[PDB]
Amino acid sequence: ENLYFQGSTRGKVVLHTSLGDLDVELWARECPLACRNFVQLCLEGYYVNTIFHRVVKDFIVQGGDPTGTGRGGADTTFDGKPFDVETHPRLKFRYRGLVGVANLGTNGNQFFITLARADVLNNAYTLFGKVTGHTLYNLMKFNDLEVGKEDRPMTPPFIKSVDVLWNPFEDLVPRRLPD
């Protein structure tokens with residue numbers, strides 16, 4: 001059982017989307033700044049009702065901007081300052097379902113999830129989580145959306161609620177709680 005957990009990840013969140021749940025396991029040891037910012041926002045209710053404002057087929061889906069415009073998400077947990085990209089030799093964008101920090105140039109609160117292998121994103125973006133094999137079928141529905149101008153889904157899916165099943169940061173205190 002769990003005492004014998006063999007994964008390299010620490011922490012797990014469930015994004016309950018309008019297209020089904022995505023369970024995100026986190027590389028908290030390797031990417032502590034991206035993971036702390038992401039988990040803390042999830043606890044505070046920042047991502048509730050946020051849409052996925054970009055789908056680029058067989059490439060990425062992007063969300064985590066409360067303005068819904070694609071330009072928001074700069075109000076980070078680190079007193080609103082951007083944070084550094086975090087890389088790791090063993091974390092590469094080799095598969096669908098890999099979760100990265102999006103930057104417009106500097107890291108904020110928006111994230112993206114790969115819909116296919118995407119080597120071009122290596123080293124340039126923090127790869128901080130992974131959608132579990134069991135929930136990839138929901139992720140792949142995003143790949144099937146009708147898209148309009150600027151890669152915007154005609155009907156943007158959205159995050160209904162977020163449950164932090166395993167918070168890997170014993171000292172994180174959310175600044176507020178969900179509305």
# chains A, B, ... in the order shown; residues from 1 in each chain; ligands from 1
call {"tool": "closest_atom_pairs", "arguments": {"of": "region 100-171 of chain A", "to": "region 70-79 of chain A", "cutoff": "6 Å", "atoms": "only C-alpha atoms", "output": "CSV"}}
result
residue,atom,partner,partner_atom,distance
A:108,CA,A:74,CA,4.8
A:109,CA,A:73,CA,4.7
A:110,CA,A:73,CA,5.6
call {"tool": "write_last_selection", "arguments": {"atoms": "C-alpha atoms", "output": "CSV table (one decimal), in the first residue's frame"}}
result
chain,number,residue,atom,x,y,z
A,108,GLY,CA,2.7,33.2,-13.5
A,109,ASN,CA,-0.4,31.2,-12.4
A,110,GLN,CA,-1.5,30.0,-15.8
call {"tool": "residues_around", "arguments": {"residues": "residue 37 (chain A)", "least_positions_apart": "2", "cutoff": "12 Å", "atoms": "only C-alpha atoms", "output": "ChimeraX atom specification"}}
result
/A:26,28,31-35,39-44,46-47,64,73-84,101,107-111,128,167,169,172-175
call {"tool": "closest_residue", "arguments": {"among": "A:118, A:48, A:14, A:113", "to": "residue 93 (chain A)", "atoms": "only C-alpha atoms"}}
result
A:118
call {"tool": "closest_residue", "arguments": {"among": "A:12, A:56, A:18, A:2", "to": "residue 157 (chain A)", "atoms": "only C-alpha atoms"}}
result
A:18
call {"tool": "closest_residue", "arguments": {"among": "A:148, A:61, A:139, A:130", "to": "residue 13 (chain A)", "atoms": "only C-alpha atoms"}}
result
A:130
call {"tool": "select_by_dssp", "arguments": {"residues": "chain A", "states": "strand (DSSP E or B)", "output": "count of residues only"}}
result
51
call {"tool": "atom_distance", "arguments": {"atom1": "CA of residue 99 (chain A)", "atom2": "CA of residue 171 (chain A)"}}
result
23.4 Å
call {"tool": "atom_distance", "arguments": {"atom1": "CA of residue 117 (chain A)", "atom2": "CA of residue 165 (chain A)"}}
result
27.4 Å
call {"tool": "closest_residue", "arguments": {"among": "A:146, A:10, A:97, A:119", "to": "residue 25 (chain A)", "atoms": "only C-alpha atoms"}}
result
A:10
call {"tool": "residues_around", "arguments": {"residues": "residue 89 (chain A)", "least_positions_apart": "6", "cutoff": "10 Å", "atoms": "only C-alpha atoms", "output": "PyMOL selection string"}}
result
chain A and resi 30+122-123
call {"tool": "write_last_selection", "arguments": {"atoms": "N, CA, C and O atoms", "output": "PDB file, in the first residue's frame"}}
result
ATOM      1  N   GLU A  30      11.314  18.477  -7.271  1.00  0.00           N
ATOM      2  CA  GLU A  30      12.053  18.988  -8.400  1.00  0.00           C
ATOM      3  C   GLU A  30      11.655  20.434  -8.754  1.00  0.00           C
ATOM      4  O   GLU A  30      12.530  21.194  -9.197  1.00  0.00           O
ATOM      5  N   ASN A 122      10.722  21.573 -24.001  1.00  0.00           N
ATOM      6  CA  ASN A 122      11.785  21.239 -23.044  1.00  0.00           C
ATOM      7  C   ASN A 122      12.715  22.410 -22.672  1.00  0.00           C
ATOM      8  O   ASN A 122      13.081  23.202 -23.540  1.00  0.00           O
ATOM      9  N   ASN A 123      13.030  22.517 -21.366  1.00  0.00           N
ATOM     10  CA  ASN A 123      14.047  23.505 -20.897  1.00  0.00           C
ATOM     11  C   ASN A 123      13.557  24.927 -20.851  1.00  0.00           C
ATOM     12  O   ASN A 123      14.096  25.747 -20.096  1.00  0.00           O
TER      13      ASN A 123
END
call {"tool": "atom_distance", "arguments": {"atom1": "CA of residue 54 (chain A)", "atom2": "CA of residue 9 (chain A)"}}
result
26.7 Å
call {"tool": "closest_residue", "arguments": {"among": "A:106, A:67, A:55, A:179", "to": "residue 151 (chain A)", "atoms": "only C-alpha atoms"}}
result
A:55
call {"tool": "select_by_dssp", "arguments": {"residues": "region 38-150 of chain A", "states": "alpha helix (DSSP H)", "output": "PyMOL selection string"}}
result
chain A and resi 38-44+136-141
call {"tool": "write_last_selection", "arguments": {"atoms": "N, CA, C and O atoms", "output": "PDB file, in the first residue's frame"}}
result
ATOM      1  N   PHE A  38       1.046  26.505  -7.351  1.00  0.00           N
ATOM      2  CA  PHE A  38      -0.090  25.830  -7.879  1.00  0.00           C
ATOM      3  C   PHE A  38      -0.973  25.284  -6.693  1.00  0.00           C
ATOM      4  O   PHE A  38      -2.195  25.532  -6.621  1.00  0.00           O
ATOM      5  N   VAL A  39      -0.327  24.576  -5.771  1.00  0.00           N
ATOM      6  CA  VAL A  39      -1.126  23.990  -4.670  1.00  0.00           C
ATOM      7  C   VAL A  39      -1.780  25.119  -3.847  1.00  0.00           C
ATOM      8  O   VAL A  39      -2.923  25.002  -3.445  1.00  0.00           O
ATOM      9  N   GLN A  40      -1.007  26.144  -3.527  1.00  0.00           N
ATOM     10  CA  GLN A  40      -1.619  27.239  -2.757  1.00  0.00           C
ATOM     11  C   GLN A  40      -2.853  27.908  -3.428  1.00  0.00           C
ATOM     12  O   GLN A  40      -3.903  28.102  -2.759  1.00  0.00           O
ATOM     13  N   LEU A  41      -2.777  28.128  -4.758  1.00  0.00           N
ATOM     14  CA  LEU A  41      -3.918  28.654  -5.520  1.00  0.00           C
ATOM     15  C   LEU A  41      -5.102  27.725  -5.489  1.00  0.00           C
ATOM     16  O   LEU A  41      -6.255  28.136  -5.389  1.00  0.00           O
ATOM     17  N   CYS A  42      -4.821  26.421  -5.585  1.00  0.00           N
ATOM     18  CA  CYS A  42      -5.847  25.399  -5.531  1.00  0.00           C
ATOM     19  C   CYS A  42      -6.535  25.433  -4.165  1.00  0.00           C
ATOM     20  O   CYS A  42      -7.772  25.338  -4.114  1.00  0.00           O
ATOM     21  N   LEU A  43      -5.765  25.602  -3.096  1.00  0.00           N
ATOM     22  CA  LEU A  43      -6.377  25.722  -1.751  1.00  0.00           C
ATOM     23  C   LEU A  43      -7.213  26.995  -1.543  1.00  0.00           C
ATOM     24  O   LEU A  43      -8.209  26.952  -0.804  1.00  0.00           O
ATOM     25  N   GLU A  44      -6.747  28.095  -2.144  1.00  0.00           N
ATOM     26  CA  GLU A  44      -7.400  29.404  -1.980  1.00  0.00           C
ATOM     27  C   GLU A  44      -8.668  29.548  -2.813  1.00  0.00           C
ATOM     28  O   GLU A  44      -9.481  30.485  -2.628  1.00  0.00           O
ATOM     29  N   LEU A 136      -6.427  10.356 -18.160  1.00  0.00           N
ATOM     30  CA  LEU A 136      -6.056  10.876 -19.525  1.00  0.00           C
ATOM     31  C   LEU A 136      -7.203  10.861 -20.498  1.00  0.00           C
ATOM     32  O   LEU A 136      -7.275  11.728 -21.382  1.00  0.00           O
ATOM     33  N   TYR A 137      -8.129   9.896 -20.374  1.00  0.00           N
ATOM     34  CA  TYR A 137      -9.291   9.903 -21.320  1.00  0.00           C
ATOM     35  C   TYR A 137     -10.116  11.227 -21.271  1.00  0.00           C
ATOM     36  O   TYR A 137     -10.593  11.646 -22.309  1.00  0.00           O
ATOM     37  N   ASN A 138     -10.244  11.887 -20.091  1.00  0.00           N
ATOM     38  CA  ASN A 138     -10.903  13.197 -19.974  1.00  0.00           C
ATOM     39  C   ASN A 138     -10.050  14.292 -20.637  1.00  0.00           C
ATOM     40  O   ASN A 138     -10.561  15.165 -21.305  1.00  0.00           O
ATOM     41  N   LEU A 139      -8.723  14.175 -20.434  1.00  0.00           N
ATOM     42  CA  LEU A 139      -7.855  15.198 -20.999  1.00  0.00           C
ATOM     43  C   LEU A 139      -8.075  15.185 -22.546  1.00  0.00           C
ATOM     44  O   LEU A 139      -8.152  16.228 -23.200  1.00  0.00           O
ATOM     45  N   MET A 140      -8.111  13.982 -23.120  1.00  0.00           N
ATOM     46  CA  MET A 140      -8.161  13.855 -24.588  1.00  0.00           C
ATOM     47  C   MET A 140      -9.447  14.366 -25.252  1.00  0.00           C
ATOM     48  O   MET A 140      -9.455  14.705 -26.429  1.00  0.00           O
ATOM     49  N   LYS A 141     -10.536  14.531 -24.458  1.00  0.00           N
ATOM     50  CA  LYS A 141     -11.713  15.228 -24.911  1.00  0.00           C
ATOM     51  C   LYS A 141     -11.393  16.646 -25.301  1.00  0.00           C
ATOM     52  O   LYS A 141     -12.054  17.198 -26.172  1.00  0.00           O
TER      53      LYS A 141
END
call {"tool": "closest_residue", "arguments": {"among": "A:158, A:166, A:142, A:59", "to": "residue 120 (chain A)", "atoms": "only C-alpha atoms"}}
result
A:59
call {"tool": "decode", "arguments": {"residues": "region 11-159 of chain A", "atoms": "C-alpha atoms", "output": "short mmCIF file (atom, residue, chain, number, x, y, z; two decimals), in the first residue's frame"}}
result
data_model
loop_
_atom_site.label_atom_id
_atom_site.label_comp_id
_atom_site.auth_asym_id
_atom_site.auth_seq_id
_atom_site.Cartn_x
_atom_site.Cartn_y
_atom_site.Cartn_z
CA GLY A 11 1.36 15.62 -3.87
CA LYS A 12 -1.82 15.13 -5.88
CA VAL A 13 -4.69 17.42 -6.88
CA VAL A 14 -7.95 16.65 -8.69
CA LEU A 15 -9.15 19.32 -11.11
CA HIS A 16 -12.90 18.64 -11.40
CA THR A 17 -13.45 20.05 -14.93
CA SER A 18 -16.66 20.34 -17.05
CA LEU A 19 -15.04 17.61 -19.19
CA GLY A 20 -14.34 15.23 -16.24
CA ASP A 21 -11.66 14.95 -13.55
CA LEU A 22 -7.94 15.39 -14.26
CA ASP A 23 -5.83 13.93 -11.42
CA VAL A 24 -2.50 15.83 -11.32
CA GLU A 25 0.50 14.24 -9.49
CA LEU A 26 3.14 16.79 -8.68
CA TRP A 27 6.99 16.99 -8.98
CA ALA A 28 7.19 18.97 -5.73
CA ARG A 29 10.81 17.98 -4.94
CA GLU A 30 12.05 18.99 -8.40
CA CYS A 31 9.83 22.08 -9.00
CA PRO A 32 8.99 23.37 -5.49
CA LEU A 33 8.19 27.05 -6.62
CA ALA A 34 5.74 25.96 -9.40
CA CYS A 35 4.18 23.32 -7.16
CA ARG A 36 3.86 25.63 -4.05
CA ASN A 37 2.21 28.36 -6.19
CA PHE A 38 -0.09 25.83 -7.88
CA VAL A 39 -1.13 23.99 -4.67
CA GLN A 40 -1.62 27.24 -2.76
CA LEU A 41 -3.92 28.65 -5.52
CA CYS A 42 -5.85 25.40 -5.53
CA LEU A 43 -6.38 25.72 -1.75
CA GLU A 44 -7.40 29.40 -1.98
CA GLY A 45 -10.00 28.69 -4.74
CA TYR A 46 -8.14 30.81 -7.38
CA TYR A 47 -8.84 28.35 -10.21
CA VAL A 48 -12.59 27.80 -9.45
CA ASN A 49 -14.65 28.65 -12.59
CA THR A 50 -11.54 29.41 -14.64
CA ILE A 51 -11.78 28.37 -18.29
CA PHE A 52 -9.34 26.61 -20.63
CA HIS A 53 -8.84 29.53 -23.02
CA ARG A 54 -6.51 27.80 -25.62
CA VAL A 55 -6.51 24.42 -27.26
CA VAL A 56 -3.85 23.79 -29.89
CA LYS A 57 -4.66 20.30 -31.21
CA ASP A 58 -2.05 17.63 -30.64
CA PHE A 59 -0.02 20.19 -28.77
CA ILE A 60 -1.41 21.81 -25.54
CA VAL A 61 -4.47 22.98 -23.63
CA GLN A 62 -3.99 26.11 -21.51
CA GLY A 63 -5.89 27.61 -18.59
CA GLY A 64 -5.59 29.06 -15.06
CA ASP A 65 -6.34 32.73 -16.00
CA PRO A 66 -9.28 34.14 -13.95
CA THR A 67 -9.78 37.01 -16.56
CA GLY A 68 -10.47 34.32 -19.18
CA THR A 69 -8.54 36.51 -21.72
CA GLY A 70 -5.22 34.72 -21.86
CA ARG A 71 -3.38 37.78 -20.51
CA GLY A 72 -4.05 37.35 -16.78
CA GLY A 73 -2.43 35.17 -14.03
CA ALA A 74 0.47 37.52 -13.07
CA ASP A 75 -0.88 37.86 -9.45
CA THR A 76 1.32 34.94 -8.16
CA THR A 77 1.52 33.76 -4.56
CA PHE A 78 5.09 35.10 -4.27
CA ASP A 79 3.78 38.67 -3.45
CA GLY A 80 2.71 38.89 -7.08
CA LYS A 81 6.24 38.51 -8.42
CA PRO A 82 7.16 36.14 -11.31
CA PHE A 83 9.20 33.06 -10.42
CA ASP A 84 12.01 31.17 -12.18
CA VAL A 85 11.67 28.30 -14.54
CA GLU A 86 12.63 25.00 -12.84
CA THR A 87 14.06 22.16 -14.99
CA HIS A 88 15.19 18.65 -14.23
CA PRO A 89 17.05 16.10 -16.46
CA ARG A 90 14.37 13.51 -15.88
CA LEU A 91 11.40 15.79 -16.65
CA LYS A 92 10.85 16.20 -20.41
CA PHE A 93 7.71 16.88 -22.47
CA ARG A 94 7.66 13.36 -23.95
CA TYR A 95 4.01 12.39 -23.47
CA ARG A 96 0.47 13.75 -23.36
CA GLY A 97 -0.77 14.83 -19.91
CA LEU A 98 2.35 16.67 -18.74
CA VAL A 99 1.56 19.86 -16.86
CA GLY A 100 3.72 23.01 -17.31
CA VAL A 101 3.80 26.61 -16.07
CA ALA A 102 2.71 28.94 -18.86
CA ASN A 103 4.47 32.28 -19.36
CA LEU A 104 2.90 34.97 -21.78
CA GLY A 105 8.02 35.69 -20.75
CA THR A 106 8.01 35.28 -16.90
CA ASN A 107 6.16 32.46 -14.89
CA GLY A 108 2.67 33.24 -13.49
CA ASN A 109 -0.36 31.24 -12.41
CA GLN A 110 -1.54 29.98 -15.83
CA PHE A 111 -0.66 26.33 -16.65
CA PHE A 112 -0.80 24.12 -19.73
CA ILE A 113 -1.19 20.40 -20.23
CA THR A 114 0.34 18.56 -23.22
CA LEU A 115 -2.09 16.76 -25.62
CA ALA A 116 0.80 15.03 -27.44
CA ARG A 117 4.58 14.69 -27.36
CA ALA A 118 6.01 18.21 -27.38
CA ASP A 119 9.87 18.25 -27.27
CA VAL A 120 9.99 21.86 -28.31
CA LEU A 121 8.83 22.89 -24.83
CA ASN A 122 11.79 21.24 -23.04
CA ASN A 123 14.05 23.50 -20.90
CA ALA A 124 12.01 26.60 -21.74
CA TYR A 125 9.03 25.88 -19.41
CA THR A 126 8.73 24.30 -15.96
CA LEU A 127 7.24 20.78 -16.24
CA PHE A 128 5.70 20.29 -12.76
CA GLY A 129 2.96 17.63 -12.89
CA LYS A 130 1.42 14.80 -14.74
CA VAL A 131 -2.19 13.77 -15.36
CA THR A 132 -2.64 10.12 -14.16
CA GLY A 133 -3.14 7.38 -16.82
CA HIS A 134 -6.62 6.78 -15.33
CA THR A 135 -7.82 10.35 -16.07
CA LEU A 136 -6.06 10.88 -19.52
CA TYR A 137 -9.29 9.90 -21.32
CA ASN A 138 -10.90 13.20 -19.97
CA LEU A 139 -7.86 15.20 -21.00
CA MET A 140 -8.16 13.86 -24.59
CA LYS A 141 -11.71 15.23 -24.91
CA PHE A 142 -10.04 18.65 -24.96
CA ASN A 143 -8.28 17.62 -28.16
CA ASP A 144 -11.67 17.18 -29.82
CA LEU A 145 -13.13 20.64 -29.08
CA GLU A 146 -14.11 23.00 -31.86
CA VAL A 147 -11.76 25.95 -31.84
CA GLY A 148 -12.24 29.52 -33.11
CA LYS A 149 -9.90 32.48 -33.41
CA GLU A 150 -6.53 32.52 -31.52
CA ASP A 151 -6.97 28.82 -30.58
CA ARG A 152 -9.98 29.67 -28.33
CA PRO A 153 -12.49 26.81 -27.80
CA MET A 154 -15.92 27.74 -29.20
CA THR A 155 -17.29 26.38 -25.82
CA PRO A 156 -14.39 26.78 -23.26
CA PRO A 157 -14.38 24.04 -20.71
CA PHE A 158 -13.80 25.15 -17.16
CA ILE A 159 -12.76 24.06 -13.64
#
